[PDB]
$ cat query15.pdb   # PDB, C-alpha atoms (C1' of nucleotides)
MODEL        1
ATOM      1  CA  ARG A 328       0.000   0.000   0.000  1.00  0.00           C
ATOM      2  CA  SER A 329       1.338   3.394  -1.015  1.00  0.00           C
ATOM      3  CA  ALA A 330       2.070   6.079   1.552  1.00  0.00           C
ATOM      4  CA  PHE A 331      -1.123   7.787   0.395  1.00  0.00           C
ATOM      5  CA  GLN A 332      -3.360   4.906   1.464  1.00  0.00           C
ATOM      6  CA  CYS A 333      -1.509   4.490   4.747  1.00  0.00           C
ATOM      7  CA  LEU A 334      -2.028   8.151   5.572  1.00  0.00           C
ATOM      8  CA  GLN A 335      -5.676   7.902   4.537  1.00  0.00           C
ATOM      9  CA  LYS A 336      -6.318   4.939   6.813  1.00  0.00           C
ATOM     10  CA  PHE A 337      -4.524   6.734   9.626  1.00  0.00           C
ATOM     11  CA  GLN A 338      -6.420  10.012   9.249  1.00  0.00           C
ATOM     12  CA  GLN A 339      -9.803   8.293   8.954  1.00  0.00           C
ATOM     13  CA  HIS A 340      -9.062   6.904  12.424  1.00  0.00           C
ATOM     14  CA  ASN A 341      -6.911   9.751  13.777  1.00  0.00           C
ATOM     15  CA  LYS A 342      -8.661  11.360  16.744  1.00  0.00           C
ATOM     16  CA  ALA A 343      -6.237  14.303  16.901  1.00  0.00           C
ATOM     17  CA  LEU A 344      -7.477  15.327  13.451  1.00  0.00           C
ATOM     18  CA  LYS A 345     -10.323  17.182  15.186  1.00  0.00           C
ATOM     19  CA  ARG A 346     -10.134  18.928  18.535  1.00  0.00           C
ATOM     20  CA  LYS A 347     -13.409  17.520  19.935  1.00  0.00           C
ATOM     21  CA  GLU A 348     -13.281  19.960  22.873  1.00  0.00           C
ATOM     22  CA  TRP A 349     -14.478  23.555  22.760  1.00  0.00           C
ATOM     23  CA  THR A 350     -12.618  26.537  24.202  1.00  0.00           C
ATOM     24  CA  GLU A 351     -13.670  30.137  24.696  1.00  0.00           C
ATOM     25  CA  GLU A 352     -11.327  31.551  22.049  1.00  0.00           C
ATOM     26  CA  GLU A 353     -12.744  29.089  19.533  1.00  0.00           C
ATOM     27  CA  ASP A 354     -16.184  30.486  20.376  1.00  0.00           C
ATOM     28  CA  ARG A 355     -15.028  34.085  20.034  1.00  0.00           C
ATOM     29  CA  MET A 356     -13.522  33.382  16.623  1.00  0.00           C
ATOM     30  CA  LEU A 357     -16.636  31.497  15.529  1.00  0.00           C
ATOM     31  CA  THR A 358     -18.900  34.380  16.538  1.00  0.00           C
ATOM     32  CA  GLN A 359     -16.681  36.910  14.784  1.00  0.00           C
ATOM     33  CA  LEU A 360     -16.652  34.828  11.609  1.00  0.00           C
ATOM     34  CA  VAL A 361     -20.411  34.242  11.649  1.00  0.00           C
ATOM     35  CA  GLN A 362     -21.043  37.961  12.042  1.00  0.00           C
ATOM     36  CA  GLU A 363     -18.592  38.761   9.250  1.00  0.00           C
ATOM     37  CA  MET A 364     -20.026  36.272   6.742  1.00  0.00           C
ATOM     38  CA  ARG A 365     -23.625  36.543   7.948  1.00  0.00           C
ATOM     39  CA  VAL A 366     -26.423  36.759   5.399  1.00  0.00           C
ATOM     40  CA  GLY A 367     -29.378  36.653   7.765  1.00  0.00           C
ATOM     41  CA  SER A 368     -29.901  32.971   8.346  1.00  0.00           C
ATOM     42  CA  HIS A 369     -28.054  30.023   6.813  1.00  0.00           C
ATOM     43  CA  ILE A 370     -24.480  31.085   7.503  1.00  0.00           C
ATOM     44  CA  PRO A 371     -22.087  29.214   5.188  1.00  0.00           C
ATOM     45  CA  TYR A 372     -20.400  26.847   7.616  1.00  0.00           C
ATOM     46  CA  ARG A 373     -17.871  25.605   5.068  1.00  0.00           C
ATOM     47  CA  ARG A 374     -16.400  29.038   4.385  1.00  0.00           C
ATOM     48  CA  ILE A 375     -16.251  29.469   8.159  1.00  0.00           C
ATOM     49  CA  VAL A 376     -14.480  26.157   8.804  1.00  0.00           C
ATOM     50  CA  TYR A 377     -11.920  27.134   6.198  1.00  0.00           C
ATOM     51  CA  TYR A 378     -10.974  30.014   8.523  1.00  0.00           C
ATOM     52  CA  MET A 379     -10.768  27.825  11.629  1.00  0.00           C
ATOM     53  CA  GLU A 380      -8.461  24.987  12.629  1.00  0.00           C
ATOM     54  CA  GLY A 381      -9.404  21.587  13.992  1.00  0.00           C
TER
ATOM     55  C1'  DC B   1     -12.057 -80.073 -86.422  1.00  0.00           C
ATOM     56  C1'  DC B   2     -15.383 -77.250 -87.505  1.00  0.00           C
ATOM     57  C1'  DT B   3     -20.658 -75.559 -88.796  1.00  0.00           C
ATOM     58  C1'  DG B   4     -25.740 -74.450 -88.107  1.00  0.00           C
ATOM     59  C1'  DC B   5     -31.466 -74.254 -86.957  1.00  0.00           C
ATOM     60  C1'  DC B   6     -34.630 -73.515 -83.210  1.00  0.00           C
ATOM     61  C1'  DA B   7     -36.373 -72.031 -78.506  1.00  0.00           C
ATOM     62  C1'  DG B   8     -36.171 -68.478 -75.332  1.00  0.00           C
ATOM     63  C1'  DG B   9     -35.331 -63.920 -74.019  1.00  0.00           C
ATOM     64  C1'  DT B  10     -35.211 -59.182 -75.079  1.00  0.00           C
ATOM     65  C1'  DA B  11     -36.881 -55.244 -77.330  1.00  0.00           C
ATOM     66  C1'  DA B  12     -39.258 -52.301 -80.517  1.00  0.00           C
ATOM     67  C1'  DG B  13     -43.773 -50.703 -82.265  1.00  0.00           C
ATOM     68  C1'  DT B  14     -48.366 -50.000 -83.007  1.00  0.00           C
ATOM     69  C1'  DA B  15     -53.418 -49.629 -81.281  1.00  0.00           C
ATOM     70  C1'  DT B  16     -56.807 -47.936 -77.922  1.00  0.00           C
ATOM     71  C1'  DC B  17     -20.937 -23.586 -71.323  1.00  0.00           C
ATOM     72  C1'  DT B  18     -16.898 -20.845 -70.242  1.00  0.00           C
ATOM     73  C1'  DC B  19     -13.864 -17.618 -70.664  1.00  0.00           C
ATOM     74  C1'  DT B  20     -11.541 -14.157 -74.055  1.00  0.00           C
ATOM     75  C1'  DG B  21      -9.399 -10.355 -76.208  1.00  0.00           C
ATOM     76  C1'  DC B  22     -11.100  -6.291 -78.375  1.00  0.00           C
ATOM     77  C1'  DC B  23     -12.255  -1.504 -80.593  1.00  0.00           C
ATOM     78  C1'  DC B  24     -15.328   2.242 -79.580  1.00  0.00           C
ATOM     79  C1'  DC B  25     -16.518   4.429 -75.950  1.00  0.00           C
ATOM     80  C1'  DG B  26     -17.940   7.240 -70.568  1.00  0.00           C
ATOM     81  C1'  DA B  27     -15.852   9.892 -67.260  1.00  0.00           C
ATOM     82  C1'  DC B  28     -12.388  11.847 -65.060  1.00  0.00           C
ATOM     83  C1'  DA B  29      -9.979  18.386 -64.750  1.00  0.00           C
ATOM     84  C1'  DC B  30     -11.855  22.377 -64.751  1.00  0.00           C
ATOM     85  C1'  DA B  31     -14.143  27.848 -65.846  1.00  0.00           C
ATOM     86  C1'  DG B  32     -17.283  31.110 -64.937  1.00  0.00           C
ATOM     87  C1'  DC B  33     -22.656  31.937 -63.520  1.00  0.00           C
ATOM     88  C1'  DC B  34     -26.703  30.002 -60.528  1.00  0.00           C
ATOM     89  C1'  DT B  35     -30.510  27.962 -58.391  1.00  0.00           C
ATOM     90  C1'  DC B  36     -32.123  24.758 -55.679  1.00  0.00           C
ATOM     91  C1'  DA B  37     -31.071  20.122 -53.596  1.00  0.00           C
ATOM     92  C1'  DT B  38     -28.285  17.052 -50.492  1.00  0.00           C
ATOM     93  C1'  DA B  39     -24.800  16.050 -46.879  1.00  0.00           C
ATOM     94  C1'  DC B  40     -21.933  16.924 -43.027  1.00  0.00           C
ATOM     95  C1'  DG B  41     -20.538  18.612 -38.850  1.00  0.00           C
ATOM     96  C1'  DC B  42     -20.359  20.952 -34.573  1.00  0.00           C
ATOM     97  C1'  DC B  43     -21.585  23.258 -30.760  1.00  0.00           C
ATOM     98  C1'  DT B  44     -25.391  24.479 -27.958  1.00  0.00           C
ATOM     99  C1'  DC B  45     -29.285  22.481 -25.524  1.00  0.00           C
ATOM    100  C1'  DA B  46     -31.775  18.836 -22.926  1.00  0.00           C
ATOM    101  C1'  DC B  47     -32.182  15.858 -19.484  1.00  0.00           C
ATOM    102  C1'  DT B  48     -31.848  12.106 -16.392  1.00  0.00           C
ATOM    103  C1'  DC B  49     -30.350   8.942 -13.330  1.00  0.00           C
ATOM    104  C1'  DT B  50     -27.238   9.100  -9.894  1.00  0.00           C
ATOM    105  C1'  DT B  51     -24.689  10.675  -6.772  1.00  0.00           C
ATOM    106  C1'  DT B  52     -22.736  15.236  -4.249  1.00  0.00           C
ATOM    107  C1'  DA B  53     -22.575  18.502  -1.063  1.00  0.00           C
ATOM    108  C1'  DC B  54     -24.283  20.753   3.138  1.00  0.00           C
ATOM    109  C1'  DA B  55     -27.340  23.019   6.540  1.00  0.00           C
ATOM    110  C1'  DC B  56     -30.246  20.964   9.822  1.00  0.00           C
ATOM    111  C1'  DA B  57     -32.624  17.639  12.577  1.00  0.00           C
ATOM    112  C1'  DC B  58     -33.436  13.883  15.800  1.00  0.00           C
ATOM    113  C1'  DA B  59     -33.448  10.214  18.364  1.00  0.00           C
ATOM    114  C1'  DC B  60     -30.448   7.187  21.263  1.00  0.00           C
ATOM    115  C1'  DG B  61     -28.749   5.162  25.073  1.00  0.00           C
ATOM    116  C1'  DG B  62     -27.185   4.484  29.702  1.00  0.00           C
TER
ENDMDL
END
$ encode --input "query15.pdb" --output "C-alpha cells"
Amino acid sequence: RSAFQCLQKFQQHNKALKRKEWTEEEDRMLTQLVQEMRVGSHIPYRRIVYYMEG
DNA sequence: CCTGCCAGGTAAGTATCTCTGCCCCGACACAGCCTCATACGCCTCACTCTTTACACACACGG
C-alpha cells in the first residue's frame, strides 16, 4: 500500500485530526466569523471552517 | 475339327458452357454563372439517473 493509502487509513481513524473539545477563544472566533459572513440565516459553515483549525 | 437351326429372351412398335481479347466508348480536370437540392458537422441544448454537497434535525442510550 502506497504512503497515500496508509495516511488515509490513519487520518480516517486519527482522533487528533479534530479537537473535539471547545474553548472560549474558539467560540469568540466562531462568533466573529459568523457575524462577518452573515447573510441573515443560513451562515455558510464551510467558508467558516476554512478560517478555523481543527 | 469345324458348322448351323430352333427355342427363349429381349426389345421395338403399333393400337386404344466458359472464358476471351477487343475496338469504340464514358468519365475523369476544370471555368465562370446560378438555383435549388443534399450532406456533413459541430456546438449548444436537454435531461436524467445518480450521486454530491451541506445546513439541519433527531433520536439514542445508559
$ closest_atom_pairs --input "query15.pdb" --of "chain B" --to "chain A" --cutoff "12 Å" --atoms "only C-alpha atoms (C1' of nucleotides)" --output "CSV"
residue,atom,partner,partner_atom,distance
B:53,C1',A:373,CA,10.5
B:54,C1',A:373,CA,8.3
B:55,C1',A:369,CA,7.0
B:56,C1',A:369,CA,9.8
$ write_last_selection --input "query15.pdb" --atoms "C-alpha atoms (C1' of nucleotides)" --output "PDB file, in the frame of the given file"
ATOM      1  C1'  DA B  53     -22.575  18.502  -1.063  1.00  0.00           C
ATOM      2  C1'  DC B  54     -24.283  20.753   3.138  1.00  0.00           C
ATOM      3  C1'  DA B  55     -27.340  23.019   6.540  1.00  0.00           C
ATOM      4  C1'  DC B  56     -30.246  20.964   9.822  1.00  0.00           C
TER       5       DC B  56
END
$ atom_distance --input "query15.pdb" --atom1 "CA of residue 341 in chain A" --atom2 "CA of residue 328 in chain A"
18.2 Å
$ residues_around --input "query15.pdb" --residues "range 352-354 of chain A" --least-positions-apart "4" --cutoff "10 Å" --atoms "only C-alpha atoms (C1' of nucleotides)" --output "list in words"
residues 348, 358, 359, 360, 379, 380 and 381 of chain A
$ atom_distance --input "query15.pdb" --atom1 "CA of residue 363 in chain A" --atom2 "CA of residue 378 in chain A"
11.6 Å
$ axis_aligned_box --input "query15.pdb" --around "range 46-57 of chain B" --padding-each-side "8 Å" --output "lines of an AutoDock Vina configuration file"
center_x = -27.6
center_y = 16.0
center_z = -5.2
size_x = 26.0
size_y = 30.1
size_z = 51.5
$ closest_residue --input "query15.pdb" --among "A:333, A:349, A:340, A:375" --to "residue 362 in chain A" --atoms "all atoms listed in the file"
A:375
$ atom_distance --input "query15.pdb" --atom1 "CA of residue 337 in chain A" --atom2 "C1' of residue 51 in chain B"
26.3 Å
$ closest_residue --input "query15.pdb" --among "A:374, A:332, A:345, A:339" --to "residue 357 in chain A" --atoms "all atoms listed in the file"
A:374
